[PDB]
**Student:** 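What follows is a single structure, and I will ask about it in a moment.
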Amino acid sequence: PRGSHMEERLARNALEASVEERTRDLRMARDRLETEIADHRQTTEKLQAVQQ
Amino acid sequence: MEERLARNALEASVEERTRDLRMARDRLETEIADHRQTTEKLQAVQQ
């Protein structure tokens, strides 16, 4: 006993799960990298201030 | 001179971090762009 769009909804669930998990991974990578860039910016700004 | 060598080593370290962070940024930019085109194509095949 199957709905007329059951297979299509299951395919949608599969694709959605994968795409959203990739999205979370890329958000996390982006977060880590922004934090590193901020550390680097603080470091360079402070070293610039003391160079003269 | 010791202070000059230490200075240059720190300078070199900082320039290296700049290069690595730019490489990482460029790569993640491409990854994000590619993912976005996947999501847009996904979304349009439904509607």
Side-chain angles (χ1 to χ4, degrees), chain A residues 1-51, chain B residues 1-26 28-35 37-42 44-45:
Chain A
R2 305 174 51 100
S4 59
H5 296 102
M6 177 187 191
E7 186 170 337
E8 184 170 357
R9 289 196 196 90
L10 294 170
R12 256 132 74 174
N13 278 358
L15 288 166
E16 187 175 71
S18 177
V19 171
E20 295 178 345
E21 179 73 5
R22 182 60 175 169
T23 295
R24 294 196 184 87
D25 293 340
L26 290 170
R27 279 171 185 154
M28 190 118 119
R30 183 173 70 189
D31 187 73
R32 296 186 194 101
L33 177 59
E34 282 168 355
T35 301
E36 291 187 38
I37 288 167
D39 185 18
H40 182 67
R41 158 165 358 189
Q42 285 298 113
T43 300
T44 63
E45 279 175 5
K46 291 189 185 161
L47 289 178
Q48 282 164 7
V50 302
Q51 206 152 37
Chain B
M1 195 160 124
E2 203 89 334
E3 308 121 75
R4 281 169 64 206
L5 288 149
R7 179 194 63 197
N8 290 14
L10 181 52
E11 281 172 351
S13 287
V14 172
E15 296 304 283
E16 181 195 85
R17 278 301 283 168
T18 293
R19 177 243 294 157
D20 298 345
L21 287 169
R22 294 178 173 169
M23 290 162 64
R25 175 199 64 196
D26 288 358
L28 182 60
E29 280 174 351
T30 301
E31 278 161 339
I32 288 169
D34 287 343
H35 187 59
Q37 76 170 316
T38 292
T39 62
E40 252 139 52
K41 171 178 54 201
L42 218 100
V45 86

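Just so you know, these numbers use all the heavy atoms, side chains as well, and skip hydrogens, waters and symmetry mates. In what follows, chains are A, B, ... by sequence order, proteins preceding strands, each numbered from 1.
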**Student:** Within this structure, what is the CZ-CD distance for the pair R25(B) and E34(A), rounded to the nearest 0.5 Å?
**Tutor:** 12.5 Å

**Student:** Assess whether side chain to side chain contact (heavy atoms under 4.5 Å, CB included) is satisfied between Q51(A) and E11(B), documenting all intermediate values.
**Tutor:** CA-CA 11 Å; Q51(A) 206 152 37; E11(B) 281 172 351; 3.4 Å; yes

**Student:** More than 12 heavy atoms of other residues, nucleotides or ligands under 6.0 Å from CZ of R19(B): yes or no?
**Tutor:** yes

**Student:** Is it true that, when you exclude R7(B) itself, more than 12 heavy atoms of the residues, nucleotides or ligands shown sit nearer than 6.0 Å to its CZ?
**Tutor:** yes

**Student:** Tell me the closest heavy-atom pair linking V14(B) and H40(A), and the distance in Å.
**Tutor:** O-CE1, 3.4 Å

**Student:** Would you give the length of the straight line joining atom OG1 of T43(A) to atom CZ of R17(B), rounded to the nearest 0.5 angstrom?
**Tutor:** 9.0 Å

**Student:** First locate atom CZ of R41(A), then atom CG of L21(B), and finally report the distance between them rounded to the nearest 0.5 Å.
**Tutor:** 11.0 Å

**Student:** When you look at CD of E45(A), are more than 12 heavy atoms from neighbouring residues, nucleotides or ligands closer to it than 6.0 Å?
**Tutor:** yes

